[PDB]
**Q** 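Input: one structure, supplied below.
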Amino acid sequence: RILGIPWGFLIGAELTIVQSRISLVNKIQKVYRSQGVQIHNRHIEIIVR
Amino acid sequence: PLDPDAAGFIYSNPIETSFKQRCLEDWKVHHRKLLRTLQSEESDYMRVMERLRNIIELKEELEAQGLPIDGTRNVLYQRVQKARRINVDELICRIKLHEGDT
Amino acid sequence: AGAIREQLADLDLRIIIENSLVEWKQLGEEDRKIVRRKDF
RNA sequence: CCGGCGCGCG
DNA sequence: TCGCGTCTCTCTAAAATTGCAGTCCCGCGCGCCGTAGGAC
DNA sequence: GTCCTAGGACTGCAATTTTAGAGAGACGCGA
């Protein structure tokens, strides 16, 4: 409603995906770190991408 | 394609649309845009909102056909039973679109 | 199945596309099965 | 030289 | 002389359950049992 | 003896099953 031509869809999708990736990695890393499992961020970022 | 005109296109040529119909479509798409930006971006508010949308008991049966004669008595009955055989503008312009204006 | 094969053989796919598009536009210009018919 | 059922090992 | 809520359906838009479709670690060893049915 | 011989647990989802919503042609009653 604020932005019309693709800056509505482009920026909306960009903001949603950027926020989703941050929380998706945090939730997965939080589960494994609670169990003492050590996995690099690269491996999870490959899956989330 | 049976039509030789469709030769060249991928999924046949565009369908025939008269210049009169194309102008009407462009008039409609413009006003659906104007109505959209009204809700996103007081007695004057309702009168323009209604204006944009407007740019789109046996006697009740008469609207299904052309209403030939009818009116006095039993004519409506005979016709219904025989019909089965065939079977503010100065304020609207104050808004402005900005499509393509980066 | 013979009737089905005959129906499939004489189909005009371009007419199918045009009729589907025009019906989709008619539905849009007018909410569960009003959408499910569109998805069809 | 094919599949089911039962029993096991890591 | 029609007019009036309305009797009895009437057809479809919109949810609301509801019956499939799909899936459910890996790698080894051994044994047993199939292969059925009927008028001769 | 036998030799041929013909019933989980969860998720996802479109399919029935309504529920409703208005709605109308003929109409018994009625003005």
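Naming: A, B, ... by sequence-line order, numbering from 1 per chain.
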**Q** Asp101(B): which residues meet the side chain to side chain contact (heavy atoms under 4.5 Å, CB included) condition with it, sequence neighbours left out?
**A** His98(B)

**Q** My understanding is that a pair needs two contacts under 3.5 Å, Watson-Crick or G-U wobble. By that rule, which nucleotide pairs with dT2(F)?
**A** none

**Q** Name every donor-acceptor pair, under 3.5 Å, that has one atom in a side chain of residues 9-28 of chain C and the other anywhere in the protein, sequence neighbours excluded.
**A**
{"unit_1": "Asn19(C)", "atom_1": "ND2", "unit_2": "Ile15(C)", "atom_2": "O", "d": "3.2"}
{"unit_1": "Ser20(C)", "atom_1": "OG", "unit_2": "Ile16(C)", "atom_2": "O", "d": "2.8"}
{"unit_1": "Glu23(C)", "atom_1": "OE1", "unit_2": "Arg37(C)", "atom_2": "NH2", "d": "3.2"}
{"unit_1": "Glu23(C)", "atom_1": "OE2", "unit_2": "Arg37(C)", "atom_2": "NE", "d": "3.0"}
{"unit_1": "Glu23(C)", "atom_1": "OE2", "unit_2": "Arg37(C)", "atom_2": "NH2", "d": "2.7"}

**Q** With north meaning a positive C1'-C2'-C3'-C4' (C3'-endo side) and south a negative one (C2'-endo side), sort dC28(E) into one of the two.
**A** north

**Q** Looking at the strand neighbours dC25(E) and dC26(E), are the centres of their six-membered rings under 5.5 angstrom apart while the planes meet at under 30 degrees?
**A** yes

**Q** Counting neighbours of CD1 on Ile46(A) that are heavy atoms of other residues, nucleotides or ligands and sit closer than 6.0 Å, is the number greater than 12?
**A** no

**Q** With a sphere of 6.0 Å drawn around NZ of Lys59(B), does it hold more than 12 non-hydrogen atoms of other residues, nucleotides or ligands?
**A** no

**Q** Taking a pair as Watson-Crick or G-U wobble with both distances under 3.5 Å, which nucleotide is matched to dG3(E)?
**A** none

**Q** To the closest 0.5 Å, what do you measure between CG (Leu24(B)) and NZ (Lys20(B))?
**A** 6.0 Å

**Q** If you measure from the P atom in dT11(F) to the same atom in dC26(E), how many Å do you get, rounded?
**A** 23 Å

**Q** For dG37(E) versus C1(D), give the span between their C1' atoms, rounded off to a whole number of Å.
**A** 28 Å

**Q** Can you tell me if the sugar in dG27(E) is north or south, using the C1'-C2'-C3'-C4' torsion?
**A** north

**Q** Under 4.5 Å between side-chain heavy atoms, counting indirect links through other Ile/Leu/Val/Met/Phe/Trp/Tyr residues: same cluster for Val31(A) and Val25(A) or not?
**A** no

**Q** Please step through side chain to side chain contact (heavy atoms under 4.5 Å, CB included) for the pair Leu35(B) and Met49(B), ending with a clear verdict.
**A** CA-CA 7 Å; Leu35(B) 178 56; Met49(B) 211 290 302; 4.1 Å; yes

**Q** Report the secondary structure of RNA chain D in dot-bracket form, marking unpaired bases with a dot and bases paired to a different strand with |, and treating Watson-Crick or G-U pairs with both distances under 3.5 Å as paired.
**A** .|.....|||

**Q** Does the ring of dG19(E) sit north or south, if a positive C1'-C2'-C3'-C4' angle means north and a negative one means south?
**A** south

**Q** If you count heavy atoms of other groups shown closer than 6.0 angstrom to CD of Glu63(B), is the number above 12?
**A** no

**Q** Mind checking ring-ring contact (aromatic ring centres under 6.0 Å, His included) for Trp27(B) and listing every partner two or more places apart, or none if nothing turns up?
**A** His31(B)

**Q** With sequence neighbours excluded, what pairs up with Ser34(A) under the side-chain hydrogen bond (donor to acceptor under 3.5 Å, both in side chains) test?
**A** none

**Q** Could you tell me if the bases of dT35(E) and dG34(E) meet the stacking criterion, namely six-membered ring centres under 5.5 Å apart and ring planes under 30° to each other?
**A** no

**Q** Determine the interatomic distance between P on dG7(F) and the same-named atom on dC28(E); round to the nearest Å.
**A** 34 Å

**Q** May I have all residue pairs that pass side-chain hydrogen bond (donor to acceptor under 3.5 Å, both in side chains) and include part of residues 8-25 of chain A, sequence neighbours excluded?
**A** none

**Q** Using the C1' atoms of five pairs at each end, what's the angle between the two axes of the helix from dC7(E)-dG25(F) to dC24(E)-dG8(F), to 10 degrees?
**A** 40°

**Q** Base contacts versus sugar-phosphate-only contacts with protein, heavy atoms under 4.0 Å: please encode nucleotides 11-24 of chain F as B, S and - from 5' to 3'.
**A** ----B--------S

**Q** North or south: which describes the sugar of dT23(E), going by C1'-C2'-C3'-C4'?
**A** north

**Q** On a whole-Å scale, what distance lies between the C1' atoms belonging to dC33(E) and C7(D)?
**A** 15 Å

**Q** What pairs of residues pass the salt bridge (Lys or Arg N to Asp or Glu O under 4.0 Å) test when at least one of them lies in residues 69-85 of chain B, not counting sequence neighbours?
**A** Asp70(B)-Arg79(B)

**Q** Out of curiosity, does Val29(B) fall in the hydrophobic cluster containing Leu97(B) (side-chain heavy atoms, cut-off under 4.5 Å, transitive links)?
**A** no

**Q** Can you tell me the Watson-Crick or wobble partner of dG28(F), both distances under 3.5 angstrom?
**A** none

**Q** Note down whether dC32(E) puckers north or south, where north is a positive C1'-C2'-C3'-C4' and south a negative one.
**A** south

**Q** Does CD belonging to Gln39(B) count more than 12 external heavy atoms closer than 6.0 Å?
**A** yes

**Q** Quick one: do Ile2(A) and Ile5(A) end up in the same hydrophobic cluster if we chain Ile, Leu, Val, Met, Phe, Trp and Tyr together by side-chain heavy atoms under 4.5 Å apart?
**A** yes

**Q** With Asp44(B), which residues qualify under salt bridge (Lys or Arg N to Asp or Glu O under 4.0 Å), at least two apart?
**A** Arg47(B)

**Q** Walking along DNA chain E from 5' to 3', note the first and the last nucleotide with an atom under 4.0 Å from a heavy atom of chain C, and give both.
**A** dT12(E) to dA16(E)

**Q** When you group the ILVMFWY residues by side-chain heavy-atom contacts below 4.5 Å and let the links chain together, are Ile17(A) and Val48(A) in the same group?
**A** no

**Q** Please list residues of residues 24-37 of chain A whose heavy atoms come under 4.0 Å from any atom in DNA chain E, ordered by number; otherwise none.
**A** none

